[PDB]
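Participant: This one's a deposited entry, sequence included:
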Amino acid sequence: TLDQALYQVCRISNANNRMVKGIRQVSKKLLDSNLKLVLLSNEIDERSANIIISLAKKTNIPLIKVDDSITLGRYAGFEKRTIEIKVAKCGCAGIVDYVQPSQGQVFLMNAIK
Amino acid sequence: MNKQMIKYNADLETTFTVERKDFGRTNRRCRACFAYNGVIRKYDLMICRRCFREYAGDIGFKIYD
Amino acid sequence: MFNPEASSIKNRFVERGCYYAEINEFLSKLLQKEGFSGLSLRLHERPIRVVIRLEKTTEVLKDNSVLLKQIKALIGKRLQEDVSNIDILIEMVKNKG
Amino acid sequence: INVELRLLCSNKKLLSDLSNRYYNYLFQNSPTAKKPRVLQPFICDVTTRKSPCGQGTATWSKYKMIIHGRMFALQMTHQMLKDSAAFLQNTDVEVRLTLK
Amino acid sequence: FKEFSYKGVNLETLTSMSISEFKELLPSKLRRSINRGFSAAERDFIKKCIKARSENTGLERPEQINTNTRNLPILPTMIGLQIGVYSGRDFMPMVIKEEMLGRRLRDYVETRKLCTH
Amino acid sequence: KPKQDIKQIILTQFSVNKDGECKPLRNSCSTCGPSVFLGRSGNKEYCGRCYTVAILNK
Amino acid sequence: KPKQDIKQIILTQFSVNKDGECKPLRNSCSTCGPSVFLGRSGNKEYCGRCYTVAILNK
Amino acid sequence: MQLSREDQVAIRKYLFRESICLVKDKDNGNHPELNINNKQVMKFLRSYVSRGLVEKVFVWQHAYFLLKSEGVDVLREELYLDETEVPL
Ligand SMILES: [Zn+2]
Ligand SMILES: [Zn+2]
Ligand SMILES: [Zn+2]
C-alpha cells in the first residue's frame, strides 16, 4: 500500500534536512521550483486548496493528497509520547531530494506515472 | 586574535584603521590551570611555578646542583 | 659560544615531553579500570609508536577492539597527525607484584 | 666522501651506548676508524621558589635539563651511507646528517 | 583691555581654525594624541559640539553634552558649552571657558575625594 | 519597543488571469532583483533591501 | 490603467495586550485626526487625506 | 543551543563516521574538521552526554567525547542509516 511508501519517503527525507513543513514554505519552494510529491490534506479551506493546487500545477511537478492532516502529521514526524503516542497535525508538505534510494520512492513514482 | 580599531583624523571625516598589540596577562594563561600569575614564559613554556614543579620530572628537568 | 640551533632543539624536546604528560593523564583517566601501568611514545620518527602497559585486556580487545581505534583517533587528533601514521601495541604487564 | 653525523640526546647512558655501538661498527668495517667528538652540552635552566604561598623561609630550587651531543665525521662511499642509514632508527637519540 | 589669547592667537581666529591648524599650538603629548587620530566615540562628541554651537540662538542655554572621552584635549569648538565629564561614578558638569585650552578634560575633574582625617 | 502587526497569509503580491497565468500586482525593483516588490502610500513608493523611497511629483 | 492589489481583511492596523486592550500598531496623523494611521517604507513615512510623505534622516 | 538544522546533521554524521570527538573549551574559534563554532559543538554534545549516549573526559584544555556502544543504534535511528552501517 502507498501509505507505507510515503512513510519510507518521509522518514529518510527528514533525517537529512530535505522535508519541508507548512503551506508558506511549500509556496516559496513551488515558486523556487526545487521540490517533489507535494502532499495536500483534507480539512483546508477551498481558497487555500486553490492556492496549492494552482501553484503545484504551474510548477509542473507531481501532486498528491492524504485522507487527513493527522495522517500527514505522522509522516512529518510531529508525533510525541502521551505516557502510548499522539500525533500533532500538519497541513501541507513536500520533499527536496531523495538522499538514498528506496522501494517506496519507486512505487510512488509509478503511482504518479 | 589581532583585533582592529577605527580612528578619525583631525578633520573628524577621514578614517583609518590601527591594530591592537597583544600584550599583558590576557593571553598568557597557564596551559595546565588557566592561572594569570607566576607564569614561567622561558623556553616557550607557558606554565605557572606551582604546576611546573609537579610536571618538571615528566618534562625532563632535574636538580643536579 | 653561540648556536642558532640550540633554541630550536630545546623547544622541540620540551614540546614532546608536554604531549607525553597530557596523553598519560588521558589514558590514566580512561583506563584506571584496566590497571594502566605505563606508556611509551616515540614522537621523533613516523610512524608514531605507542606501547600501552595494562593489567587486564578484555575491554580494550572487546567488540573488534574499537577502543583501540578510538584511542588512535584521539591521539591523532590531539597531535594533529594522520591516523595512518600511528601504531598502538597493548602489553600485558608481567610480574605485577 | 665525507659525512658528519650528529647524535643528540638528553640522556647520557643511551648516547654512550649508541656511540660505542656505532664506533664498534666503524672499526669492524675498518675505514680508518676514530672516536666521536664530545660536544659542549646545551643546558636550559629555571629557578623558582618552593612554597605555593608566601609563608616560611623563602627557599629556591634550580632545575636544569642537559642535552648531550656527539659528532662523528667520517669517510664513506654513497652506497655505504645509504645502507648504513638503516642503523639510524628506533632510538631515543635524535639523529641528523650533513654532506658535501 | 585686550582680547583673550592662546599662544599668540586671538579667540576670533582660534574659533575659526581647523583641528589640524590648532595642533601646531598645543603641547607635545596633546599633539601626539591628535596625530594618532580620533576614536569613534570622540568623533561623535565633537560633531555634537559643532552641531550645538551652530543650533543655539537667543538667550536660552543649549542642553548638556555627556562624555567618557576623558583624555581628549579641549578644542576651540566647545567654548561656552556645558559638558558633563564622567568621573568613574557620575557626569560632573563644567563650562568650557577660554582659559582651559592646552589641557585635557581629565585635568578639571577629580576621580577621588580630598582627604581630611 | 513597539508591537508588530501581521497580515496573515501573503497572497496580495500577485494577480491571476482567466487563463490561470500569474503576474505581480505591485511593481518590482530594478536594482534589488525583480523578485523584490515595491510598496505604495500617498506620494511614496518604497523598497526592502535598500530602504529607498521614491517621492512622486503629484 | 494599472491593476489594484488587495490585502483582504484589514486587521494589521492594531495590536492586542494580554488584558484584551487594543492599540494601533502603525503611528497616527497629528493633522488628519488620530483615526488616520501612517505608513512606513525605507526613509518614508506617509499619510492618506493629505498625501504628505515625511523623509527620515537615517 | 543556537545551531541550524544543517549544522546539527553535520555533527551527527561526524560522530557516527568516527566514534570520537575532541573539543577545545573557552574558545570562539571554528572546529577544524566541521567549520562550526567550538562553544556550539560543546553545547550540542553536552545533550548526548546528558542522554547517556556519550562519555566525556576533561583533560587540561580539551574535552574528549567517546560514543558508547549503547547509543550507536540511537544515532543510527536518528540519522536513519541502513542497518549494515557501522563506525570506522
Ligand atoms: Zn598552573
Ligand atoms: Zn531596491
Ligand atoms: Zn495627514
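Facilitator: That came through, no problem. Numbers count the residues shown, from 1 in each chain, chains lettered A, B, ... in the order given. Ligands and ions are numbered 1, 2, ... in the order given.
Participant: only C-alpha atoms for contact and neighbour calcs from this point on.
Facilitator: Noted.
Participant: For residue A:3, which three-state class applies?
Facilitator: At residue A:3 the chain is in helix, as set by DSSP: H, G, I helix; E, B strand; the rest coil.
Participant: Can you give me the neighbour number for it?
Facilitator: Residue A:3 has 12 neighbouring residues, counting by other Cα atoms under 10 Å in any protein chain shown.
Participant: Give me the secondary structure label for the residue lying closest to residue D:35 once chain neighbours are set aside.
Facilitator: Among residues not flanking residue D:35 along the chain, residue D:23 sits closest, at 6.6 Å (Cα to Cα, 6 or more residues apart in numbering or on different chains). The local conformation at residue D:23, judged by three-state DSSP, is helix.
Participant: Hmm, residue D:34 and residue D:23 touching each other?
Facilitator: Yes: look at residue D:23 against residue D:34 with Cα atoms under 8 Å: they come within range, at 7.2 Å.
Participant: Spatially central residue for chain F, please.
Facilitator: residue F:38 (3.2 Å; Cα atoms, centre = their mean).
Participant: phi, psi of that one?
Facilitator: The phi/psi pair for residue F:38 (degrees, to the nearest 10) reads phi -110, psi 130.
Participant: Check the burial of residue 32 by counting its neighbours.
Facilitator: Since you didn't name a chain, this refers to chain A. Around residue A:32 there are 10 residues (other Cα under 10 Å).
Participant: The intended chain is chain F.
Facilitator: 13.
Participant: again with residue F:54
Facilitator: Using other Cα under 10 Å, residue F:54 is surrounded by 16 other residues.
Participant: what's the answer for residue B:39, then?
Facilitator: There are 21 residues near residue B:39, going by other Cα under 10 Å.
Participant: which residue sits closest to it, ignoring its sequence neighbours?
Facilitator: residue B:48 (4.0 Å).
Participant: Kindly report the same for residue B:22.
Facilitator: With sequence-adjacent residues excluded and distances taken as Cα to Cα, 6+ apart, residue B:22 is closest to residue B:2, at 7.1 Å.
Participant: could you list every residue that touches that neighbour?
Facilitator: Contacts for residue B:2 (Cα atoms under 8 Å, 6 or more residues apart in numbering or on different chains) come out as B:19, B:20, B:21, B:22.
Participant: for residue A:20, same thing?
Facilitator: Neighbouring residues of residue A:20 by Cα under 8 Å, 6+ apart: A:26, A:93, A:94, A:95, A:96.
Participant: Can you select the buried ones from those in ChimeraX?
Facilitator: Here is the ChimeraX command that selects the buried residues among the contacts of residue A:20 (16 or more other Cα atoms under 10 Å in any protein chain shown):
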select /A:26,93,94,95,96
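Participant: Between the contacts of residue A:20, which sits nearest ligand 3?
Facilitator: Proximity of the contacts of residue A:20 to ligand 3 (Cα to the ion) peaks at residue A:26, which lies at 40.2 Å.
Participant: ok, so what distance separates the residue nearest to the spatial centre of chain B from residue B:51?
Facilitator: Chain B has residue B:28 as the residue nearest its centroid, 2.5 Å off, counting by Cα atoms, centre = their mean. Relative to residue B:51, residue B:28 is positioned 15 Å away (Cα to Cα, to the nearest Å).
Participant: Also residue C:70?
Facilitator: Counting by Cα to Cα, the gap from residue C:70 to residue B:51 is 29 Å.
Participant: what do you get for residue E:12?
Facilitator: For residue E:12, the distance to residue B:51 equals 67 Å [Cα to Cα].
Participant: Of the two, give the one with the bigger neighbour count.
Facilitator: With neighbours defined as other Cα under 10 Å, residue E:12 and residue B:51 compare such that residue B:51 has more, 18 against 12.
Participant: Could you pull up phi and psi at the more buried one?
Facilitator: Main-chain dihedrals, residue B:51, degrees, to the nearest 10: phi -60, psi -40.
Participant: Kindly report the same for residue C:11.
Facilitator: phi -60, psi -50.
Participant: Could you find the closest non-adjacent residue to it?
Facilitator: Leaving aside its chain neighbours, residue C:11 sits nearest to residue B:43 (6.1 Å; criterion: Cα to Cα, 6+ apart).
Participant: cool, residue D:8 as well?
Facilitator: Spatial nearest neighbour of residue D:8, excluding adjacent residues (Cα to Cα, 6+ apart): residue D:69 at 4.4 Å.
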